[PDB]
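The chain below stands alone, shown as structure tokens; this is the form deposited without the named molecule.
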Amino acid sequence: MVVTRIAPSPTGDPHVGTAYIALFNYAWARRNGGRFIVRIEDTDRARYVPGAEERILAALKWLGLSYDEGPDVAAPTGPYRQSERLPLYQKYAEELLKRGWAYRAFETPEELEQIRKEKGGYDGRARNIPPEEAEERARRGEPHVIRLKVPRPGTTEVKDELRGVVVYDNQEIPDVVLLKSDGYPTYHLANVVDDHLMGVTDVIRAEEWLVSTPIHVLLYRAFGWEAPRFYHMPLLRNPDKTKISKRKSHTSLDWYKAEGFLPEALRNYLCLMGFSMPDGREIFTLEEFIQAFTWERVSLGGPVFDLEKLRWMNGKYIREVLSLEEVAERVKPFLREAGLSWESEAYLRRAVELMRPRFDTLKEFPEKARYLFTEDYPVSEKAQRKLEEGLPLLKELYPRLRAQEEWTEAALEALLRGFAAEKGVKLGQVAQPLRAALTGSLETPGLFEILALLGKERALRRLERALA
């Protein structure tokens, strides 16, 4: 009964990093009939940001990674919020004591600060305080911590499902705090009780934890509870590598959703972060991934999160996967948002189809195809420049357009070809200025499709504005 989790901390912005750890957790589950749990790691009250939790859960739902147990909904396995599970930590911290696997240490932080400068760190000196003594002190309410009572003269072996087994001398492993004076678990205490209680069976986490496993492993043993399987994930970087960073990479999922990145494409791209499809395919998320899914094809090289690649992928979703009615529906929110509108659903679809080739994000739509939805669009300096070199020609041309009835590309083309032909001028000297005058651009899709589309009176009205 594979059971996986993600345990993000409501200390900010939905991280791309969490989408990433979460997808391999979501995949492994589903790929096994199992469950995918969600636990909020909200104890670092210093770090806590109010709506951060809310935006986290939303985003995973946004990529379409649903969970069967989480906060917003509780479930069998009681609390799904560390800060609400508080008592459950004193009690194991205690049980762990009532068994000599842990101990109290009363050194002030100042005191601790000096052992350090002298022994490289904590020499576990409080371990020589008669147990019952240590308890007296506790009673009196003497501030102490609960440390791990690592069997010092022994050995520890940890196995990572992707990196293999490692042997540890217990000297390498330190007497870590489990409980602070205020009595708040350290990651080590919490992760193990929670994992245990919530029944997670496979731990898929940030590589960053690799090192501390020997400790997690000792704890499972300290409680004499079965160790789960550990999967330490390769970790995200930038092109010209470096553990990804806010400065030097956008790491907010909300940013992605706002810039018009499609959920599916982001998702399809996190998949490619270490993991190759047998058949070399870089397109089809979820369903097809969570079946190809095998630890066998997961890379350990710290995958590069290239945005240029993502937009390449996003553009592919726009033009070779989604259908014209689907795209045309997703661009709506951005039109609104840009203060636009379309006179019919037909137009909207004829604008999206002519533009498809030219935008890789839903957000770039209202920007590039502006002139198609408002009579008030921007004129580049080059367009204007051009509209002037050809001004006399549009002057001459307006009356012919004014007469035109059949406003078809076909008609329109023949007319313009006529006029160039009749004026001792190549179509281009009629074409650019017109284009400049119509769309304010000078770089655009099919000029006749662009003249036709708007219809007569949009064209005409915009033609005078430029002349008159």
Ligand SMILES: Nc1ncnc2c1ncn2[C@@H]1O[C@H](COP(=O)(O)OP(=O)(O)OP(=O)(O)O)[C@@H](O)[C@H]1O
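Residues carry their position along the shown sequence, with the first being 1.
Just going by the entry, 81 to 89 versus 215 to 223 on mean CA temperature factor gives the higher value to 81 to 89. Per-stretch averaging of Cα B factors for 354 to 362 and 305 to 313 places 305 to 313 on top. Of all the options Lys257, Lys159, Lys119, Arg319, the entry's greatest CA B-factor is assigned to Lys119. Which of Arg205, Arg330, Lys395, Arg163 has the largest Cα B-factor in the deposited entry comes down to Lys395. Annotation for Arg45: C-alpha temperature factor in the highest third relative to the rest of the modelled chain, per the entry. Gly17: CA B factor in the lowest third of modelled residues in this chain (values from the PDB entry). The entry lists a Cα temperature factor for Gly428 that places it in the middle third of the chain's modelled residues.
Ranked by Cα temperature factor within the chain, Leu401 sits in the middle third according to the deposited record. Per-chain ranking of the deposited C-alpha B factor places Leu23 in the lowest third.
Omitted from view is the form solved in complex with the named molecule, to which the following refers.
Within this chain, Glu208 lines the site of the named molecule in the deposited complex, having a heavy atom no more than 4.5 Å away.
The named molecule in the deposited complex comes within 4.5 Å of no heavy atom belonging to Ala459. Not displayed here, the named molecule is kept clear of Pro445 by more than 4.5 Å at the level of heavy atoms in the deposited complex. When contacts are judged by a 4.5 Å heavy atom cut-off, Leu454 does not count as touching the named molecule in the deposited complex.
The stretch from 166 to 174, 124 to 132, 235 to 243, 99 to 107 that comes within 4.5 Å of the named molecule in the deposited complex, counting heavy atoms only, is 235 to 243.
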